[PDB]
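Here's a solo chain for you in C-alpha coordinates, the form deposited in one PDB entry.
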(Lines give C-alpha, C1' and ligand atoms only; values in the text may rest on other atoms or scores of the structure.)
Protein backbone atom coordinates (compact mmCIF):
# COMPACT_ATOMS: atom_id res chain seq x y z
CA UNK A 1 0.00 0.00 0.00
CA UNK A 2 0.89 3.70 -0.07
CA UNK A 3 2.83 5.42 2.69
CA UNK A 4 0.80 6.28 5.77
CA UNK A 5 0.52 9.75 7.21
CA UNK A 6 3.58 11.33 8.81
CA UNK A 7 3.90 14.68 10.56
CA UNK A 8 5.11 17.69 8.61
CA UNK A 9 6.27 19.41 11.79
CA UNK A 10 7.61 17.47 14.75
CA UNK A 11 5.56 19.28 17.40
CA UNK A 12 7.17 17.41 20.29
CA UNK A 13 10.62 18.53 19.13
CA UNK A 14 9.29 22.04 18.54
CA UNK A 15 7.95 22.45 22.05
CA UNK A 16 10.95 20.82 23.73
CA UNK A 17 13.22 23.25 21.88
CA UNK A 18 16.23 20.97 21.89
CA UNK A 19 17.08 18.76 18.90
CA UNK A 20 15.08 20.00 15.89
CA UNK A 21 15.39 19.67 12.11
CA UNK A 22 16.09 22.89 10.22
CA UNK A 23 12.47 23.55 9.33
CA UNK A 24 11.22 22.96 12.85
CA UNK A 25 14.05 25.12 14.23
CA UNK A 26 13.08 28.02 11.95
CA UNK A 27 9.41 27.69 12.88
CA UNK A 28 10.53 27.80 16.53
CA UNK A 29 12.40 31.04 15.87
CA UNK A 30 9.34 32.56 14.15
CA UNK A 31 7.15 31.43 17.06
CA UNK A 32 9.35 33.26 19.55
CA UNK A 33 9.33 36.44 17.42
CA UNK A 34 5.52 36.39 17.35
CA UNK A 35 5.35 35.57 21.06
CA UNK A 36 7.35 38.70 21.85
CA UNK A 37 5.78 40.96 19.19
CA UNK A 38 2.24 40.23 20.33
CA UNK A 39 3.04 40.20 24.07
CA UNK A 40 1.69 36.69 24.35
CA UNK A 41 3.10 36.16 27.82
CA UNK A 42 0.75 38.88 29.07
CA UNK A 43 -2.41 37.66 27.37
CA UNK A 44 -1.59 34.03 28.24
CA UNK A 45 -2.29 34.75 31.91
CA UNK A 46 -5.97 35.12 31.03
CA UNK A 47 -6.19 31.59 29.53
CA UNK A 48 -7.40 28.60 31.58
CA UNK A 49 -4.98 26.59 33.66
CA UNK A 50 -5.99 23.38 31.90
CA UNK A 51 -4.84 23.38 28.25
CA UNK A 52 -7.23 22.69 25.38
CA UNK A 53 -5.15 23.45 22.31
CA UNK A 54 -7.72 22.04 19.88
CA UNK A 55 -10.32 24.45 21.25
CA UNK A 56 -7.88 27.37 21.09
CA UNK A 57 -6.94 26.59 17.49
CA UNK A 58 -10.56 26.29 16.46
CA UNK A 59 -11.28 29.57 18.24
CA UNK A 60 -8.58 31.36 16.25
CA UNK A 61 -10.28 30.40 12.94
CA UNK A 62 -13.80 31.17 14.20
CA UNK A 63 -14.15 34.06 11.76
CA UNK A 64 -13.44 31.66 8.90
CA UNK A 65 -9.98 33.05 8.11
CA UNK A 66 -6.50 31.73 8.72
CA UNK A 67 -3.02 33.13 8.22
CA UNK A 68 0.48 32.23 9.30
CA UNK A 69 0.51 34.80 12.10
CA UNK A 70 -2.51 33.15 13.69
CA UNK A 71 -0.78 29.77 13.38
CA UNK A 72 2.32 31.15 15.10
CA UNK A 73 0.15 32.62 17.89
CA UNK A 74 -1.39 29.18 18.42
CA UNK A 75 2.04 27.59 18.57
CA UNK A 76 3.31 30.25 20.97
CA UNK A 77 0.36 29.68 23.31
CA UNK A 78 0.96 25.94 23.11
CA UNK A 79 4.63 26.52 24.00
CA UNK A 80 3.70 28.56 27.08
CA UNK A 81 1.41 25.76 28.26
CA UNK A 82 4.09 23.16 27.52
CA UNK A 83 6.79 25.06 29.40
CA UNK A 84 4.48 25.47 32.39
CA UNK A 85 3.57 21.75 32.44
CA UNK A 86 4.69 19.63 35.37
CA UNK A 87 3.99 16.10 34.08
CA UNK A 88 4.79 14.10 30.98
CA UNK A 89 1.09 13.28 30.70
CA UNK A 90 0.22 16.95 30.26
CA UNK A 91 3.04 17.56 27.76
CA UNK A 92 1.96 14.59 25.66
CA UNK A 93 -1.66 15.76 25.65
CA UNK A 94 -0.61 19.25 24.54
CA UNK A 95 1.34 17.80 21.61
CA UNK A 96 -1.52 15.44 20.72
CA UNK A 97 -4.00 18.33 20.92
CA UNK A 98 -1.80 20.32 18.51
CA UNK A 99 -1.49 17.43 16.08
CA UNK A 100 -5.26 16.94 16.14
CA UNK A 101 -5.82 20.59 15.24
CA UNK A 102 -3.47 20.53 12.26
CA UNK A 103 -4.84 17.22 10.94
CA UNK A 104 -8.30 18.72 10.47
CA UNK A 105 -9.04 18.77 6.75
CA UNK A 106 -9.61 22.52 6.48
CA UNK A 107 -6.41 23.39 8.37
CA UNK A 108 -4.30 20.86 6.47
CA UNK A 109 -5.72 22.06 3.13
CA UNK A 110 -5.04 25.68 4.07
CA UNK A 111 -1.40 24.97 4.90
CA UNK A 112 -0.93 23.11 1.62
CA UNK A 113 -2.56 25.89 -0.42
CA UNK A 114 -0.66 28.70 1.34
CA UNK A 115 2.86 27.51 0.58
CA UNK A 116 3.45 24.93 3.31
CA UNK A 117 5.49 25.34 6.46
CA UNK A 118 8.51 26.24 4.32
CA UNK A 119 6.65 29.38 3.31
CA UNK A 120 5.88 30.08 6.97
CA UNK A 121 9.55 29.62 7.79
CA UNK A 122 10.45 32.05 5.03
CA UNK A 123 8.25 34.99 6.06
CA UNK A 124 10.21 38.13 6.88
CA UNK A 125 8.85 39.02 10.31
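Heads up, when I say rigid core I mean the largest set of C-alphas that superpose within 1.5 Å between the two forms. Residue numbers count along the first chain shown, from 1.
Another form exists, deposited with a partner chain bound; not displayed. Remarks below refer to it.
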* Do residue 72 and its partner chain share at least one heavy atom pair within 4.5 Å in the bound PDB entry? -> yes
* Look up in the bound PDB entry whether residue 32 has a non-hydrogen atom within 4.5 angstroms of its partner chain, and give yes or no. => no
* Asked: Heavy atoms within 4.5 Å of its partner chain in the bound PDB entry: does residue 96 have any?
  -> no
* Does residue 37 reach its partner chain in the bound PDB entry if we count a contact as any heavy atom within 4.5 Å? -> yes
* Of 34, 66, 77, 54, which is the single residue whose C-alpha shifts by 2 angstroms or more between this form and the one not shown after core superposition? -> 34
* CA-CA separation of residue 81 and residue 37, closer or farther in the bound PDB entry than in the form shown [shift of 3 angstroms or more] -> closer
* Residue pair residue 116, residue 38 - Cα distance in the bound PDB entry, closer or farther (3 Å or more) -> farther
